[PDB]
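Asker: just the first chains of my complex for now:
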Amino acid sequence: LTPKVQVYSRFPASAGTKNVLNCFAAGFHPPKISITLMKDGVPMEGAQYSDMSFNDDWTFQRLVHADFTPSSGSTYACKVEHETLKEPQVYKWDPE
């Protein structure tokens, strides 16, 4: 099954303020998935790959998050590579 991905921030998108960007894919199979958060087409420094799990209907879900500071002009997005998708899909972070 194809993953349903959603990019979002932990706190309100205030420019130049500490925040945590989150990428949450869910509802996919098999569990082998490569989720990466990118800043202007470049993977974000640090990062923190959280624990994976699956729901009642045996379908997987993974959370990935990284502490950062959102600057103005810089574009943020979450790249996702899965066996079902054929070609990688990029999900864009819409601030505000």
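Answerer: The structure has been received and is ready for your questions. Numbering: from 1, shown residues only, chains lettered A, B, ... in the order given.

Asker: what about residue A:64, how many residues close to it?
Answerer: Neighbourhood size, residue A:64 [other Cβ atoms under 10 Å]: 21. Every residue, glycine included, has its C-beta placed from N, CA and C.

Asker: give the contact list for the spatially most central residue of chain A.
Answerer: Closest residue to the average C-alpha location of chain A: residue A:23 at 2.3 Å, with Cα atoms, centre = their mean. By Cβ atoms under 8 Å, 6 or more residues apart in numbering, the residues touching residue A:23 are A:5, A:6, A:7, A:35, A:37, A:63, A:64, A:65, A:78, A:80, A:91.

Asker: now do the host helix or strand of the last one: which elements does it pack against?
Answerer: Think residue A:91. Counting by DSSP states H and E, the element that carries residue A:91 is strand A:89-92. For strand A:89-92, the packing partners by 3 or more Cβ pairs under 8 Å, 6 or more residues apart in numbering; DSSP states H and E come out as strand A:4-9, strand A:76-81.

Asker: filter the contacts of residue A:23 down to the buried ones.
Answerer: If you count burial by 16 or more other Cβ atoms under 10 Å, the buried members of the contacts of residue A:23 come out as A:5, A:7, A:35, A:37, A:63, A:64, A:65, A:78, A:80, A:91.

Asker: between those residues, which is nearest residue A:71?
Answerer: Nearest to residue A:71 out of the buried ones among the contacts of residue A:23 is residue A:37 (Cβ to Cβ; 14.9 Å).

Asker: which residue packs closest to that closest one, ignoring adjacent ones?
Answerer: Leaving aside its sequence neighbours, residue A:37 sits nearest to residue A:44 (Cβ to Cβ, 6 or more residues apart in numbering; 4.8 Å).

Asker: and for residue A:75?
Answerer: Here the nearest residue to residue A:75 in space, its sequence neighbours aside, is residue A:40; by Cβ to Cβ, 6+ apart that works out to 5.5 Å.

Asker: okay, chain B goes in next:
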Amino acid sequence: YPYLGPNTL
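Answerer: Let me add chain B to what's already shown:
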């Protein structure tokens, strides 16, 4: 607290 085993399939 988890449950050990019980055995293989």
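
Asker: check the contacts of residue A:23 one more time with chain B there.
Answerer: Counting by Cβ atoms under 8 Å, 6 or more residues apart in numbering or on different chains, residue A:23 makes contact with A:5, A:6, A:7, A:35, A:37, A:63, A:64, A:65, A:78, A:80, A:91.

Asker: now with 10 Å?
Answerer: Contact analysis of residue A:23 by Cβ atoms under 10 Å, 6 or more residues apart in numbering or on different chains lists A:5-8, A:35-38, A:62-66, A:76-80, A:91, A:93.

Asker: ok, and for the helix or strand encompassing it, which residues are buried?
Answerer: According to DSSP H and E, residue A:23 maps onto strand A:19-28. Residues of strand A:19-28 classed as buried: A:19, A:21, A:22, A:23, A:24, A:25, A:26, A:28 (neighbour count, 16 or more other Cβ atoms under 10 Å in any protein chain shown).

Asker: let me see the contact set for the first one.
Answerer: What that stands for is residue A:19. Residues counted as contacts of residue A:19 (Cβ under 10 Å, 6+ apart) are A:9, A:10, A:11, A:12, A:13, A:66, A:67, A:68, A:69, A:70, A:95.

Asker: ok, of those, which come out buried?
Answerer: Among these, those classed as buried by neighbour count (16+ other Cβ under 10 Å) are A:9, A:66, A:68, A:70.

Asker: one step back: among the contacts of residue A:19, which are in strands?
Answerer: A:9, A:66, A:67, A:68 (DSSP state E).

Asker: can you add distance to residue A:52 and give those back as CSV?
Answerer: Below are the ones in strands among the contacts of residue A:19 laid out as CSV (distance: Cβ to Cβ, whole Å):
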residue, distance to residue A:52
A:9, 21
A:66, 17
A:67, 20
A:68, 22
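
Asker: looking at those, which one is closest to residue A:58?
Answerer: Each of the ones in strands among the contacts of residue A:19 was checked against residue A:58 using Cβ to Cβ; the closest is residue A:66, at 28.7 Å.

Asker: following the strand holding residue A:23, which helix or strand comes up?
Answerer: strand A:34-39.

Asker: next, the angle strand A:19-28 makes with whatever helix or strand comes next after that next one.
Answerer: Following strand A:34-39 in sequence order, the next helix or strand is strand A:48-54 (DSSP H and E). Angle of strand A:48-54 versus strand A:19-28, following axes from the mean of the first three to the mean of the last three Cα atoms, to 10 degrees, is 30 degrees.

Asker: add one more, call it chain C:
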Amino acid sequence: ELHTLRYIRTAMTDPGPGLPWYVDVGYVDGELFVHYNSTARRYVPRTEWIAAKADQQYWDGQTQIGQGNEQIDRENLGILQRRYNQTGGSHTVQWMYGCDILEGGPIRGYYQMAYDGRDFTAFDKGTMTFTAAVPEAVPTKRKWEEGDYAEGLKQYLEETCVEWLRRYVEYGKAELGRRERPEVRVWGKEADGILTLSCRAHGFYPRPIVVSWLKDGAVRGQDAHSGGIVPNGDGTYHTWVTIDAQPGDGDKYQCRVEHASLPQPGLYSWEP
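Answerer: Time to bring in chain C:
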């Protein structure tokens, strides 16, 4: 009232590059508190209360089960490969067992399994028999019935599971019983002649929250798009809804947020 304990495993043939093949995880009241890994080979705490209020013999005894639980799943993976007559590839074994309690006493008790994203077996506690969902799981049904593991599971689900659960709730009573308030922000943008408003609750606890759009003081569940409730890194939850509307009609719409933390449901309007 309602407290739930759930343990979950995931044994994989092809987990990925630099990732563990086997992982065993536990959940109390829909919150991650205990974790095990194939690389680390030891159980570790995720929450503060379980880490603070637990002795070494608890972890050491639990680790011995985890190292055990890892070993059978290695054997299992190989067993299904030969039973299905498969050369290899991306296969996965899933386990899902837990117990629910209401006002002290137990209500539900389950012990299930799935192979390659499809149900394999399930322990029916009432009839005292395992069910074979797939023709390839019929041998396992005969194996697990001859050797009465069903007596062992009933002992675990009703007595063992419940006694530990009552203790876990008592440890994290404050951290499970807490309430956090959602930081809500309303925003809208022009797409292609159509205004698309969006309500976004950020950090809140517990999980179940009701967020909806109100046109002229009336709930509009048409044209509304929701992405469900999604988790955060620090043991809290997040949700998001959006509504397609006519341009100019900004003051008509209102985001109502109903949550356990809030006594009165707070309304929010778009004002820049």
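
Asker: now with chain C: the buried residues of strand A:19-28?
Answerer: The neighbour-count criterion (16+ other Cβ under 10 Å) identifies A:19, A:21, A:22, A:23, A:24, A:25, A:26, A:27, A:28 as the buried residues of strand A:19-28.

Asker: partners of the last one in the sheet?
Answerer: Residues in a beta bridge with residue A:28, per DSSP bridges, are residue A:60.

Asker: I'd say it and residue A:57 touch.
Answerer: No. Taking Cβ atoms under 10 Å as the definition, residue A:28 is not a contact partner of residue A:57, at 11.8 Å.

Asker: anything in contact with each of the two?
Answerer: Contacts common to residue A:28 and residue A:57, judged by Cβ under 10 Å, 6+ apart, are residue C:117.

Asker: the closest residue to chain A within the stretch 151-272 of chain C and chain B, how far apart?
Answerer: Of the stretch 151-272 of chain C, the residue with the smallest distance to chain A, taken as Cβ to the nearest Cβ, is residue C:233 at 4.3 Å. From residue C:233 over to chain B the distance is 25 Å, taken as Cβ to the nearest Cβ, to the nearest Å.

Asker: so that residue: helix, strand or coil?
Answerer: Counting by DSSP: H, G, I helix; E, B strand; the rest coil, the backbone at residue C:233 sits in coil.

Asker: cool, and residue C:8?
Answerer: Of the three states, residue C:8 takes strand under three-state DSSP.

Asker: how is chain C divided into domains?
Answerer: For chain C, curated CATH domains gives the domain ranges C:1-178, C:179-268.

Asker: need those domains in CSV (columns: mean neighbour count).
Answerer: Output for the domains of chain C, formatted as CSV (neighbours: other Cβ atoms under 10 Å in any protein chain shown):
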stretch, mean neighbour count
domain C:1-178, 16
domain C:179-268, 16
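
Asker: let me have those in a markdown table, extended by distance to residue A:50.
Answerer: Output for these, formatted as a markdown table (distance: least, Cβ to Cβ, whole Å):
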| stretch | distance to residue A:50 |
| --- | --- |
| domain C:1-178 | 9 |
| domain C:179-268 | 6 |
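
Asker: which of those sits closest to residue A:48?
Answerer: Of those, the one closest to residue A:48 (Cβ to Cβ) turns out to be domain C:179-268, at 6.8 Å.

Asker: all good on my end, thank you.
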